[PDB]
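Notes follow the structure.
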Amino acid sequence: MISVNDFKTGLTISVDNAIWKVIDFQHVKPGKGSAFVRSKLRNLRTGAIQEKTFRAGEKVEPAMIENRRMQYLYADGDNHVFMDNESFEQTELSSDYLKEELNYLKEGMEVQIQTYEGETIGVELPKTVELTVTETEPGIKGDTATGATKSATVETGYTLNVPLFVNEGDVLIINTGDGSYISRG
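The entry's author numbering numbers the first residue of the sequence shown as 1 and each following residue consecutively.
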(Lines of atoms letter the chains of each structure in order from A; the text may use other names.)
(Lines give C-alpha, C1' and ligand atoms only; values in the text may rest on other atoms or scores of the structure.)
Protein backbone atom coordinates (compact mmCIF):
# COMPACT_ATOMS: atom_id res chain seq x y z
CA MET A 1 0.00 0.00 0.00
CA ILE A 2 0.97 3.64 -0.44
CA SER A 3 2.41 5.75 2.36
CA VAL A 4 1.65 9.47 2.63
CA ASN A 5 5.25 10.29 1.71
CA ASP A 6 4.83 8.63 -1.68
CA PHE A 7 2.92 10.76 -4.17
CA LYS A 8 3.72 12.18 -7.60
CA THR A 9 2.40 14.81 -10.06
CA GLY A 10 0.63 11.81 -11.46
CA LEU A 11 -0.21 8.82 -9.31
CA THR A 12 -3.31 6.65 -9.21
CA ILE A 13 -4.83 5.76 -5.83
CA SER A 14 -8.00 3.85 -5.01
CA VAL A 15 -9.82 5.54 -2.13
CA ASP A 16 -13.35 6.76 -1.29
CA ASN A 17 -14.56 3.89 -3.50
CA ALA A 18 -13.06 5.60 -6.53
CA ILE A 19 -9.86 5.66 -8.54
CA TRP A 20 -7.98 8.93 -8.39
CA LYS A 21 -5.10 10.63 -10.14
CA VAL A 22 -2.94 12.92 -8.02
CA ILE A 23 -2.20 16.02 -10.04
CA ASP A 24 -0.38 17.86 -7.25
CA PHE A 25 0.22 16.72 -3.68
CA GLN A 26 1.06 18.89 -0.69
CA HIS A 27 2.83 17.19 2.22
CA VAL A 28 1.73 19.61 4.90
CA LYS A 29 2.85 19.71 8.53
CA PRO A 30 0.38 22.00 10.37
CA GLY A 31 2.19 21.38 13.65
CA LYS A 32 -0.53 19.28 15.23
CA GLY A 33 1.80 16.35 15.82
CA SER A 34 0.74 14.49 12.71
CA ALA A 35 1.47 15.29 9.08
CA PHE A 36 -1.12 15.31 6.34
CA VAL A 37 -1.07 15.44 2.56
CA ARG A 38 -3.48 17.76 0.79
CA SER A 39 -3.55 16.12 -2.61
CA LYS A 40 -5.20 17.67 -5.64
CA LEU A 41 -6.46 14.62 -7.49
CA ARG A 42 -8.80 13.92 -10.38
CA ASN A 43 -11.43 11.19 -10.32
CA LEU A 44 -10.15 9.13 -13.23
CA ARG A 45 -13.64 7.75 -13.81
CA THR A 46 -15.69 10.94 -13.98
CA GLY A 47 -12.95 13.43 -14.76
CA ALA A 48 -13.89 15.36 -11.63
CA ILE A 49 -11.42 17.60 -9.84
CA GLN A 50 -11.27 17.01 -6.10
CA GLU A 51 -8.74 17.09 -3.28
CA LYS A 52 -8.11 14.59 -0.50
CA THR A 53 -6.10 14.96 2.68
CA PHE A 54 -4.21 11.79 3.52
CA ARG A 55 -3.20 11.15 7.12
CA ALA A 56 0.21 9.91 8.25
CA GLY A 57 -0.20 6.48 9.77
CA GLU A 58 -3.05 5.45 7.50
CA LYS A 59 -1.81 3.89 4.27
CA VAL A 60 -4.03 3.72 1.19
CA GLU A 61 -4.59 1.25 -1.64
CA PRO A 62 -2.89 1.92 -5.01
CA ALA A 63 -4.81 1.84 -8.26
CA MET A 64 -3.19 0.33 -11.34
CA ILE A 65 -4.81 1.58 -14.54
CA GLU A 66 -4.94 -0.94 -17.37
CA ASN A 67 -4.77 0.37 -20.94
CA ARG A 68 -5.89 -1.96 -23.72
CA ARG A 69 -5.69 -1.04 -27.39
CA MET A 70 -8.41 -2.96 -29.17
CA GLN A 71 -9.34 -3.25 -32.83
CA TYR A 72 -12.79 -1.85 -33.53
CA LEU A 73 -15.12 -4.71 -34.41
CA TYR A 74 -18.88 -4.41 -34.76
CA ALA A 75 -22.16 -5.84 -33.55
CA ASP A 76 -25.66 -4.56 -32.79
CA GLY A 77 -25.79 -1.16 -31.15
CA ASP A 78 -26.19 -2.22 -27.59
CA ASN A 79 -22.76 -3.82 -27.42
CA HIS A 80 -19.78 -3.35 -29.73
CA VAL A 81 -17.00 -5.91 -30.02
CA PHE A 82 -13.42 -4.82 -29.39
CA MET A 83 -10.53 -7.20 -29.94
CA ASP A 84 -7.82 -6.87 -27.31
CA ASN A 85 -4.68 -6.51 -29.39
CA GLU A 86 -2.65 -7.22 -26.27
CA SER A 87 -3.79 -10.83 -26.61
CA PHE A 88 -7.05 -12.11 -28.10
CA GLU A 89 -9.47 -10.91 -25.40
CA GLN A 90 -12.83 -9.99 -26.90
CA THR A 91 -14.34 -7.12 -24.93
CA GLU A 92 -17.82 -5.73 -25.55
CA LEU A 93 -18.72 -2.15 -24.66
CA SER A 94 -22.19 -1.10 -23.54
CA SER A 95 -24.60 1.39 -25.15
CA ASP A 96 -23.55 4.30 -22.89
CA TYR A 97 -19.95 4.12 -24.04
CA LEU A 98 -21.01 3.34 -27.59
CA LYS A 99 -22.89 6.63 -27.60
CA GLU A 100 -19.63 8.56 -27.46
CA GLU A 101 -17.62 6.11 -29.55
CA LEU A 102 -20.39 6.37 -32.16
CA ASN A 103 -19.65 10.07 -32.35
CA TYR A 104 -16.10 9.38 -33.49
CA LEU A 105 -14.81 6.00 -34.66
CA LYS A 106 -13.48 4.00 -37.58
CA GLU A 107 -14.10 0.30 -38.14
CA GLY A 108 -10.86 -1.63 -37.77
CA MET A 109 -9.34 1.24 -35.82
CA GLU A 110 -7.48 0.72 -32.55
CA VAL A 111 -8.93 2.54 -29.57
CA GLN A 112 -7.46 2.61 -26.09
CA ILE A 113 -9.96 1.16 -23.67
CA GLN A 114 -9.13 2.07 -20.11
CA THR A 115 -9.95 -0.70 -17.66
CA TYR A 116 -9.54 -1.26 -13.94
CA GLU A 117 -9.57 -4.92 -12.89
CA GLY A 118 -11.30 -5.66 -16.18
CA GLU A 119 -14.00 -3.10 -15.46
CA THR A 120 -14.40 -0.43 -18.14
CA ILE A 121 -13.69 2.96 -16.57
CA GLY A 122 -13.23 4.89 -19.80
CA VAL A 123 -12.61 4.71 -23.54
CA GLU A 124 -10.03 6.79 -25.38
CA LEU A 125 -10.53 7.44 -29.08
CA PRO A 126 -7.46 8.45 -31.15
CA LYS A 127 -6.78 12.16 -30.80
CA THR A 128 -7.03 12.60 -34.55
CA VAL A 129 -9.79 10.64 -36.25
CA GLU A 130 -10.56 10.78 -39.96
CA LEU A 131 -14.24 10.78 -40.83
CA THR A 132 -15.70 11.07 -44.32
CA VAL A 133 -18.22 13.89 -44.61
CA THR A 134 -21.46 12.52 -46.01
CA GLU A 135 -24.31 14.95 -46.69
CA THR A 136 -23.17 18.55 -46.51
CA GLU A 137 -23.94 21.66 -48.56
CA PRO A 138 -21.06 23.80 -49.91
CA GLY A 139 -21.53 27.31 -51.25
CA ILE A 140 -19.28 29.67 -49.30
CA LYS A 141 -20.83 33.00 -50.31
CA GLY A 142 -17.74 34.97 -51.29
CA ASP A 143 -16.77 35.92 -47.74
CA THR A 144 -13.79 34.33 -46.04
CA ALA A 145 -15.29 34.10 -42.57
CA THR A 146 -13.53 31.49 -40.46
CA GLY A 147 -16.80 30.81 -38.67
CA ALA A 148 -18.65 30.17 -41.91
CA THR A 149 -19.83 26.68 -41.02
CA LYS A 150 -22.88 24.51 -41.66
CA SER A 151 -24.32 21.41 -40.03
CA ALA A 152 -22.65 18.50 -41.81
CA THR A 153 -22.91 14.78 -41.27
CA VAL A 154 -19.98 12.38 -41.12
CA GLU A 155 -19.86 8.64 -41.83
CA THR A 156 -20.43 7.93 -38.13
CA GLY A 157 -23.77 9.72 -38.21
CA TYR A 158 -22.40 12.54 -36.09
CA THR A 159 -23.38 16.11 -36.93
CA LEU A 160 -20.61 18.72 -36.86
CA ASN A 161 -20.07 22.23 -38.20
CA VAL A 162 -17.94 22.23 -41.35
CA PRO A 163 -16.73 25.29 -43.30
CA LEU A 164 -19.06 26.17 -46.19
CA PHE A 165 -16.38 25.14 -48.72
CA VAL A 166 -16.33 21.50 -47.59
CA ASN A 167 -17.72 19.02 -50.13
CA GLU A 168 -19.27 15.57 -49.73
CA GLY A 169 -16.57 12.93 -49.81
CA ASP A 170 -13.87 14.97 -48.09
CA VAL A 171 -12.11 13.26 -45.22
CA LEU A 172 -12.43 15.43 -42.14
CA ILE A 173 -9.79 15.19 -39.45
CA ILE A 174 -11.20 15.79 -35.97
CA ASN A 175 -9.44 16.17 -32.63
CA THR A 176 -11.29 13.55 -30.60
CA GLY A 177 -11.42 14.38 -26.92
CA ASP A 178 -12.16 18.06 -27.33
CA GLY A 179 -14.17 17.89 -30.53
CA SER A 180 -12.08 20.49 -32.28
CA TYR A 181 -12.40 20.50 -36.06
CA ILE A 182 -9.23 19.93 -38.04
CA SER A 183 -9.11 20.83 -41.71
CA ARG A 184 -10.04 18.35 -44.45
CA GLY A 185 -7.13 16.48 -45.98
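Ideal Cβ placement from N, Cα and C applies to all residues, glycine included.
Am I right that residue 67 and residue 114 are in contact with their C-beta atoms under 8 Å? What's the rounded C-beta distance? 6 Å
Select from 165, 112, 117 the residue whose C-alpha is nearest the C-alpha of residue 138. 165
Among the residues of its own chain, which have a CB less than 6 Å from the CB of residue 3, if the five just before and after it don't count? 59
Based on Cα-Cα distance, which residue from 72, 170, 162, 6 lies nearest to residue 179? 162
N- and C-terminal bounds of the alpha helix (DSSP H) containing residue 96: 95 to 101
Which runs of the beta strand (DSSP E), 3 residues or longer, sit entirely within the segment 72 to 151? 79 to 84, 89 to 94, 110 to 116, 119 to 124, 128 to 132
Our contact map puts residue 104 next to residue 156 with C-beta atoms below 8 Å; I'd like the distance itself, whole angstroms only. 6 Å
DSSP on residue 15, reduced to helix/strand/coil? strand
Neighbourhood of residue 38 by C-beta distance below 7 Å, restricted to the same chain and skipping five residues each side: 26, 28, 51, 53
Would you call the CB atoms of residue 123 and residue 172 closer than 7 Å? no
Looking at C-alpha atoms only, which residue of 43, 167, 78, 9 is the closest neighbour of residue 102? 78
Contact check, residue 72 vs residue 127 under 8 Å by CB: the rounded distance? Actually they are not in contact, since the Cβ atoms of residue 72 and residue 127 sit about 16 Å apart, beyond 8 Å.
Could you name the residues of the same chain whose beta carbon sits closer than 6 Å to that of residue 22, not counting the 5 residues immediately before and after it, in chain order? 7, 11, 39, 41
With a threshold of 16 other CB atoms inside 10 Å of the CB of residue 82, please say whether the residue is buried or exposed. buried
In this structure, what does DSSP give as the bridge partners for residue 70? 84, 111
Where the beta strand (DSSP E) through residue 51 begins and ends: 49 to 55
Whole angstroms is fine: what's the gap from residue 131's alpha carbon to residue 74's? 17 Å
Reference residue 218, options 45, 89, 97, closest by Cα: Absent from the model: residue 218. The displayed extent of the chain is 1 to 185, so no value can be given.
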